[PDB]
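S.K.: Structure incoming, see below.
Residue numbers (the entry's author numbering), protein chains in the order written: chain B, 1 to 94, 96 to 212; chain A, 1 to 52, 52A, 53 to 82, 82A to 82C, 83 to 100, 100A to 100H, 101 to 123, 134 to 214.
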């Protein structure tokens, strides 16, 4: 019944940086704490066990410190292979995982390119209308997408999905899908998605009339 | 050479039951204790079940206590997890882990040093559905909507032109079907010059649908 809380949730860093991740337990777990590295599509790999012991084959740049309720993971000099998500795990009473710490690749700020797509004729003929707004190759990951139907901001009726940082240029890409019935789509004329982002000086509005 | 191999995952309806397996080799199965770790897509990993090497003491997670049943057959070097009354929240990727270091007692807590490849367990009222493909500078793409199950393979011009393509991860809707998109950026002056055809294949349904992207 011990809960593990990692800090920071996410941190963007550059190769060569010193990086420290904190992991806290509810109850005191002495020194029964492990750390793992996981890459997208791979099994997790043990880095450190018993709070301060390095797992065989893990690079010397990984170390760990702490006891009781407060623990740290430090990477002395971050390397390209090290961009990943890190989890701690206690085994002092049962087995519980932290929420994860994402190490994002640092790059310069990049504004998204914004596009809006009307539902296709092939889709409309079937009774459903999906309107898509694309934010292409941006940084940082934090971004706001807002849907406006006849210039009325939408909430609750959209879903979004975002890619991991591109391995060539370290940008993100993001999909947002608005789903309405064909009927409701045909009752209105002007569909607009307005995008605010840290790479954009002011919100960008992109807009069409259905015709 | 220590390795763990899972098996048994698949697709079940809510309320049904499923059974997993995990064949271990390379170490002394009798000595080390085992465990089952799962991770739901989009959340952090959680411990599910656990068993000792020889004593037979078993432990389960709070969210699955009473439903799952973990067992092992040291004579045949196998650990099995029985998953009864599966629910939507039980849909995750299930691993079998191995105790790290050693244990001086009979059953004890530990860290996981070796993992298996990972097996997939899906729980949904599976309405099997095929994928629906929809057709200065502007970007185009193809929208695949309402398909089951995963995955779908999208390629532009049979994998030739691939630069600037970004295929998005699918999302699950309250109806049970998936939806994703694959975009690509080109100068708008290449509408009639450059023809883009997305090749969406759905191996479970054996259905490929090509929708040519022509200037509208």
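A virtual CB, placed ideally from N, CA and C, is assigned to each residue, including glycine.
What do you get for residue 39 of chain A, buried or exposed, if any count of 16 or more other CB atoms within 10 angstroms of its CB means buried?
M.R.: Residue numbering aside, residue 39 of chain A sits at position 39 when the second chain is read from its first letter. With 16 or more Cβ atoms within 10 Å of its Cβ, residue 39 of chain A is classed as buried.
S.K.: Taking 7 Å as the limit between beta carbons, can you name the residues of its chain near residue 115 of chain A, skipping five residues before and five after?
M.R.: Taking the first residue of the second chain as 1, we reach residue 115 of chain A at position 127. The answer, listed in chain order, is 146, 174.
S.K.: Just list the beta strand (DSSP E) runs in the segment 112–152 of chain B, keeping only unbroken ones of 3 residues or longer that don't cross its boundaries, in chain order.
M.R.: 114–118, 129–139, 144–150
S.K.: For residue 72 of chain A, which residues of its own chain have a beta-carbon under 7 Å away from its beta-carbon, when the five flanking residues on both sides are left out?
M.R.: Within the second chain, the letter at position 73 stands for residue 72 of chain A. There are no such residues.
S.K.: Can you confirm whether the segment 166–183 of chain B touches the segment 127–143 of chain B when touching is taken to mean that 3 or more C-beta pairs between the two stretches lie within less than 8 Å?
M.R.: yes
S.K.: Can you tell me the Cα-Cα spacing of residue 194 of chain A and residue 182 of chain A, whole angstroms?
M.R.: Looking up residue 194 of chain A in the second chain gives position 196. Looking up residue 182 of chain A in the second chain gives position 184. Answer to the nearest angstrom: the Cα atoms are 10 Å apart.
S.K.: I'd like to know if residue 159 of chain A contacts chain B, where contact means its C-beta is closer than 8 Å to some C-beta of that chain.
M.R.: Counting from one through the second chain, the residue named residue 159 of chain A turns up at place 161. For residue 159 of chain A, the answer is no, since every Cβ of chain B falls outside 8 Å of its Cβ.
S.K.: Alpha carbon to alpha carbon, how far is residue 174 of chain B from residue 117 of chain B?
M.R.: The count along the first chain starts at 1 and reaches residue 174 of chain B at position 173. The count along the first chain starts at 1 and reaches residue 117 of chain B at position 116. C-alpha separation (whole angstroms): 14 Å.
S.K.: Are any of the Cβ atoms in chain B nearer than 8 Å to that of residue 183 of chain A?
M.R.: For the purposes of this step, residue 183 of chain A is identified with residue 185 of the second chain, where counting begins at 1. By this cut-off, residue 183 of chain A is an interface position.
S.K.: Drop a sphere of 10 angstroms on the beta-carbon of residue 138 of chain B, count the other beta-carbons inside from all chains shown, and report buried for 16 or more, exposed for fewer.
M.R.: For the purposes of this step, residue 138 of chain B is identified with residue 137 of the first chain, where counting begins at 1. Looking at its Cβ environment, which holds 16 or more other Cβ atoms inside 10 Å, residue 138 of chain B is buried.
S.K.: Excluding the five sequence neighbours on either side, which residues of its own chain have a C-beta within less than 6 Å of the C-beta of residue 72 of chain B, listed in chain order?
M.R.: Reading the first chain from its first residue, position 72 is the one you call residue 72 of chain B. If we look at residue 72 of chain B and ignore the five residues flanking it on each side, its Cβ neighbours are 20, 22, 65, 66.
S.K.: From this set, A:32, A:55, A:91, which residue's C-alpha is nearest residue 47 of chain A's C-alpha?
M.R.: If you number the second chain from 1, residue 47 of chain A lands on position 47. If we check each option's Cα against that of residue 47 of chain A, A:91 comes out closest.
S.K.: How far does the beta strand (DSSP E) with residue 187 of chain B in it extend, from its first residue to its last?
M.R.: As a first step, residue 187 of chain B must be located in the first chain, where it is residue number 186. Unbroken run through residue 187 of chain B is the alpha helix (DSSP H), 183–187; no beta strand (DSSP E).
S.K.: For the segment 27–68 of chain B, list the beta strand (DSSP E) runs that are entirely contained and at least 3 residues long, ordered along the chain.
M.R.: 33–38, 45–49, 62–67
S.K.: Contact check, residue 140 of chain B vs residue 115 of chain B under 8 Å by CB: the rounded distance?
M.R.: The sequence position of residue 140 of chain B within the first chain is 139, counting from 1. The sequence position of residue 115 of chain B within the first chain is 114, counting from 1. That pair is no contact at about 15 Å.
S.K.: Under 8 Å, do residue 100E of chain A and residue 92 of chain B count as touching if we go by C-beta distance?
M.R.: Your numbering for residue 100E of chain A matches position 109 in the second chain. Your numbering for residue 92 of chain B matches position 92 in the first chain. Contact: yes.
S.K.: Which residue from A:107, A:8, A:24, A:200 puts its Cα closest to that of residue 2 of chain A?
M.R.: Indexing the second chain from 1 puts residue 2 of chain A at position 2. Minimum Cα distance to residue 2 of chain A is reached at A:24.
S.K.: Report the rounded CA-to-CA distance for residue 136 of chain B versus residue 158 of chain A, giving the unit in angstroms.
M.R.: If you number the first chain from 1, residue 136 of chain B lands on position 135. If you number the second chain from 1, residue 158 of chain A lands on position 160. One C-alpha to the other measures close to 24 Å.
S.K.: For the pair the segment 151–165 of chain B and the segment 181–201 of chain B, tell me if three or more CB-CB distances fall below 8 Å.
M.R.: yes
S.K.: Taking the Cβ atom as the reference point for each residue, do residue 32 of chain A and residue 52A of chain A lie within a distance shorter than 8 Å?
M.R.: Stepping through the second chain from its first residue, residue 32 of chain A is reached at position 32. Stepping through the second chain from its first residue, residue 52A of chain A is reached at position 53. Yes, Cβ-Cβ distance for residue 32 of chain A and residue 52A of chain A is below 8 Å.
S.K.: Of all the options A:35, A:117, A:137, A:45, which has the alpha carbon lying nearest to the alpha carbon of residue 189 of chain A?
M.R.: In the second chain, the residue the question calls residue 189 of chain A occupies position 191. Here the closest residue by C-alpha is A:137.
S.K.: Which residues in chain B sit within 9 Å of residue 141 of chain A, going by Cβ to Cβ distance?
M.R.: The count along the second chain starts at 1 and reaches residue 141 of chain A at position 143. Contact annotation for residue 141 of chain A against chain B: 118, 120, 121, 124, 131, 133, 178 [CB-CB distance below 9 Å, chain order].
S.K.: Might you give, ordered along the chain, the residues of its own chain that have their beta carbon closer than 6 Å to the beta carbon of residue 35 of chain A, omitting 5 neighbours on each side?
M.R.: Taking the first residue of the second chain as 1, we reach residue 35 of chain A at position 35. 50, 93.
S.K.: Have a look at B:4, B:94, B:24 and flag the residue whose alpha-carbon is nearest the alpha-carbon of residue 69 of chain B.
M.R.: As a working mapping, residue 69 of chain B is identified with position 69 in the first chain. Nearest option by C-alpha distance: B:24.
S.K.: For residue 154 of chain A, would you say it is in contact with chain B, using Cβ-to-Cβ distances shorter than 8 Å as the test?
M.R.: Counted from its first residue, the second chain places residue 154 of chain A at position 156. Chain B, which has no Cβ nearer than 8 Å to the Cβ of residue 154 of chain A, makes this no.
S.K.: Can you pull the chain A residues whose beta carbon is under 8 Å from the beta carbon of residue 74 of chain B, in chain order?
M.R.: What you label residue 74 of chain B is simply residue 74 of the first chain in a count that begins at 1. Neighbours of residue 74 of chain B on chain A: none; closest Cβ ~19 Å, over 8 Å.
S.K.: Any C-beta of chain B sitting closer than 8 Å to the C-beta of residue 98 of chain A?
M.R.: Mapped onto the second chain, residue 98 of chain A falls at position 102. Answer no: the Cβ-Cβ gap between residue 98 of chain A and chain B never drops below 8 Å.
S.K.: Kindly indicate if chain A contains any beta-carbon less than 8 Å away from that of residue 148 of chain B.
M.R.: As a first step, residue 148 of chain B is located in the first chain; it is residue number 147 there, counting from the start. No, no contact with chain A.
S.K.: What's the gap between the Cα of residue 211 of chain A and the Cα of residue 5 of chain B?
M.R.: Numbered from its first residue, the second chain carries residue 211 of chain A at position 213. Numbered from its first residue, the first chain carries residue 5 of chain B at position 5. Between residue 211 of chain A and residue 5 of chain B, the C-alpha separation is close to 48 Å.
S.K.: So is residue 10 of chain A buried or exposed if we call it buried at 16+ other beta carbons inside 10 Å?
M.R.: By one-based count along the second chain, residue 10 of chain A stands at place 10. Classification for residue 10 of chain A: exposed.
S.K.: From residue 103 of chain A to residue 45 of chain B, what distance separates their C-alpha atoms?
M.R.: Within the second chain, residue 103 of chain A is the residue found at index 115, counting from 1. Within the first chain, residue 45 of chain B is the residue found at index 45, counting from 1. When rounded, the distance between both Cα atoms is 8 Å.
S.K.: Could you compute how far the alpha carbon of residue 210 of chain B sits from the alpha carbon of residue 139 of chain A?
M.R.: Within the first chain, the letter at position 209 stands for residue 210 of chain B. Within the second chain, the letter at position 141 stands for residue 139 of chain A. The alpha-carbon atoms of residue 210 of chain B and residue 139 of chain A are separated by roughly 20 Å.
S.K.: Return no unless some Cβ of chain B is closer than 8 Å to the Cβ of residue 274 of chain A.
M.R.: The question about residue 274 of chain A has no answer, for chain A in this structure spans 1 to 214.
S.K.: Pull out every residue of the segment 147–174 of chain B whose Cβ sits closer than 9 Å to any Cβ of chain A, in chain order.
M.R.: 160, 161, 162, 163, 164, 167, 174
S.K.: Assign residue 165 of chain A to buried or exposed, taking buried as 16 or more other Cβ atoms, counted over all protein chains shown, within 10 Å of its Cβ.
M.R.: Locating residue 165 of chain A in the second chain gives position 167, where the first residue counts as 1. Classification of residue 165 of chain A: buried, given that the 10 Å Cβ count is 16 or more.
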